[PDB]
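The analysis underlying the following values was restricted to heavy atoms, covering all of them including side chains, and did not include hydrogens, waters or symmetry mates. Just follow the structure's listing: the first ligand is 1, and inside any ligand the first atom is 1. Residue numbers count from 1 along this sequence.
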Amino acid sequence: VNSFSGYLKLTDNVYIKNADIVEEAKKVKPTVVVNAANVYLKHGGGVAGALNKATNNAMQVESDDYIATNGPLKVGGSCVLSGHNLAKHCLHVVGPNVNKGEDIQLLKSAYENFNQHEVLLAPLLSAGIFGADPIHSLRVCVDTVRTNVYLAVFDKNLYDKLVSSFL
Ligand SMILES: OC[C@H](Cc1cncs1)Nc1ncnc2[nH]ccc12
Ligand SMILES: [Cl-]
């Protein structure tokens, strides 16, 4: 039993809800919130900009130190950093950005990072401003993640389309 509320159950392990991931994280304070990161951990817009704003820029400050020490992430890769006031940990995961010409096949690799964590609050990787098809991102999530994932879909109209089209 966990404290996630109001989710539709898609499979044994994947749940979905129309919600603002920032507000969800503040309410649940999950062990792991997933950020839709880029390789530079520059949290400007989309989920990343919103999460970082909610931390009063502490996420960005921590991220800049991480990059100065370790260099950029790989597309498809991840790192674990603090969750600040939102969660215990933030798993920064880099899905491919179609608006940069990155290989959509890397989306499966990106979702594989979720399997290192028993329970996660997450967005659909490569969706939104990353330019991939969200219906595809959900399919890859369901077919790749084996741990318990609670998906927050900000757009109510998109959420209804994802539910009604889910196979
Ligand atoms: O796939 C990630 C989606 C993509 C979008 C598609 N249409 C509108 S945003 N983004 C978000 N998802 C959940 N919470 C969020 N908070 C802030 C952004 C955000
Ligand atoms: Cl987005």
Side-chain angles (χ1 to χ4, degrees), residues 3-8 10-11 14-60 63 73 75-78 81 83-87 89-114 117 119-145 148-166:
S3 58
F4 289 101
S5 177
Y7 285 77
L8 179 67
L10 294 174
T11 68
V14 180
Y15 293 81
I16 196 168
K17 182 182 180 183
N18 172 221
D20 179 348
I21 192 169
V22 169
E23 292 310 315
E24 276 291 306
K26 287 193 285 186
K27 183 70 174 184
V28 175
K29 310 225 199 307
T31 304
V32 180
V33 66
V34 174
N35 182 31
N38 59 52
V39 298
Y40 307 110
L41 303 180
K42 289 308 185 193
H43 310 302
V47 167
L51 289 171
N52 177 56
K53 179 178 177 183
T55 76
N56 183 44
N57 211 50
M59 177 180 285
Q60 191 64 67
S63 293
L73 296 181
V75 179
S78 70
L81 291 172
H84 301 275
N85 51 319
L86 302 177
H89 306 284
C90 179
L91 181 70
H92 295 272
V93 180
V94 184
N97 189 326
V98 176
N99 304 316
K100 299 180 179 177
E102 291 165 357
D103 183 10
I104 193 64
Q105 309 303 308
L106 291 168
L107 187 54
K108 188 173 184 75
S109 301
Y111 274 117
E112 288 171 342
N113 294 285
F114 289 25
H117 303 276
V119 184
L120 315 88
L121 172 62
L124 285 169
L125 298 179
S126 301
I129 68 175
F130 278 61
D133 179 357
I135 296 174
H136 179 64
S137 182
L138 177 57
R139 189 73 259 168
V140 179
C141 181
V142 164
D143 293 341
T144 304
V145 181
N148 291 327
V149 56
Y150 289 83
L151 294 168
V153 178
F154 179 62
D155 192 68
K156 168 59 173 172
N157 285 329
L158 172 60
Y159 170 83
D160 286 344
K161 182 185 186 192
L162 288 164
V163 168
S164 294
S165 62
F166 183 70

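- Counting only heavy atoms of the protein, atom 2 (C) of ligand 1 lies nearest to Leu124 O, 3.6 Å.
- Each of the atoms 11 (C), 12 (N), 13 (C), 14 (N), 15 (C), 19 (C) of ligand 1 lies under 4.0 Å from some heavy atom of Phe154.
- Residue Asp20 has at least one heavy-atom neighbour below 4.0 Å for each of these atoms of ligand 1: 16 (N).
- The ligand atoms of ligand 1 that sit less than 4.0 angstrom from a heavy atom of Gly128 are 1 (O), 4 (C), 5 (C), 6 (C).
- At least one donor-acceptor pair under 3.5 Å links the side chain of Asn85 to the backbone N or O of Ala54.
- The closest protein non-hydrogen atom to atom 11 (C) of ligand 1 is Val47 CG2, 3.0 Å.
- Between the side chain of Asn56 and the backbone N or O of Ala58, no donor-acceptor pair lies under 3.5 Å.
- Side-chain contact between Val47 and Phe154 is absent, with no heavy atoms from C-beta onward closer than 4.5 Å.
- Comment: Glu23 engages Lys26 in a salt bridge, judged by a side-chain N to carboxylate O separation of less than 4.0 angstrom.
- The closest non-hydrogen atom to atom 16 (N) of ligand 1, taken over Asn18, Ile21, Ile129, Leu121, comes from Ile21.
- A donor-acceptor pair under 3.5 Å is absent between the side-chain atoms of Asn35 and the main chain of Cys90, judged by distance alone.
- Annotation: atom 8 (C) of ligand 1 to nearest protein heavy atom, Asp155 CB, 4.0 Å.
- Here atom 13 (C) of ligand 1 lies nearest to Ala152 when heavy atoms of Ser137, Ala127, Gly131, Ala152 are compared.
- Atom CG of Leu138 and atom OH of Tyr111 lie 7.0 Å apart (nearest 0.5 Å).
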